[PDB]
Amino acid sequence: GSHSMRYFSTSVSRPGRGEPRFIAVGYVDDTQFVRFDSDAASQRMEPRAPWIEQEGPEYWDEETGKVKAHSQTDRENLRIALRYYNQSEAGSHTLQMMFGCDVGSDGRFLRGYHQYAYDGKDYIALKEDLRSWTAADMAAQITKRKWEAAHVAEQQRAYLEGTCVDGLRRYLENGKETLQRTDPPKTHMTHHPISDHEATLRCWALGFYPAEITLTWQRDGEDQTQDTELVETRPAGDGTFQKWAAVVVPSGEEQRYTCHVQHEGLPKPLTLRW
């Protein structure tokens, strides 16, 4: 399979309680490896995986410098957006940024990302071609015009195809044991009486990595999709993930249902039956 690196940054204004708080986190696939919190005491980029601690002081100094500059950029962008929309300074607003790159099983550049959201919704995004922008409203079109005039797409593409890829490859190598693993899901089924006419069948997947997984229910062989309760995939806390899907079943009909599990650490997809 392929791999990804992503940084997610959030800025949150708090009027009457000082300056906006800025949080940034770094991920390779579904493994966090760095954080920065503008409210914390260290004022440094900090490690959050074992395999990144081996990096020297030259690394923590340049990364801290780059992330602090970004925090100041987005603190001003919050002020700019307030003007573009003529919003009240008493309100609490949010600015989110996501950027990063995907490689293929050869380390070949597959795709790059560089996008902003304001108050939980798309603001401006670098298109898949890495050469123009998507602007989601009139305020974002002001920024689009400015960034076109200043060749920002060229600047960021250079980062995404060079630095971003070089870093991801270096992290994949340095953390091969943890990042280049798959853990297949351990699976089982639980049974929960509701009344005397109904019972919940729950299909479980535990201990898997990466997080992406598909769990479906069938009855005689046809999809039971809108009668299925399906929870969000959740972290165990040890680096693996968990998920379940459930269906309500009439008494005596348990044997009509099958659960189906797809995951990349599985050689073939699984079928489970009560």
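Quick note: we count residues from 1 along the sequence shown, nothing fancier.
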| query | Taking only the CA atoms, which stretch has the higher mean B-factor in the record, 32-40 or 53-61? | reply | 53-61
| task | Output the stretch having the higher mean C-alpha B factor in the entry; the candidates are 222-230 and 63-71. | result | 222-230
| field | Most elevated Cα B-factor in the entry, residues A199, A125, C203, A81 | value | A199
| said: Checking the record values for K121, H188, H93, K176, which has the greatest CA B factor? | reply: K176
| field | Entry-reported Cα temperature factor of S11, expressed as the chain third it lands in | value | lowest
| query | Can you tell me which third, lowest, middle or highest, the CA B-factor of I213 falls into for its chain? | reply | lowest
| field | CA B-factor ranking of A236, expressed as a third of its chain | value | lowest
| note | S2: C-alpha B-factor third of its chain, per the entry, is the highest
| request: State the tercile, meaning the lowest, middle or highest third, of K144 with respect to the CA B-factors recorded for its chain. | output: middle
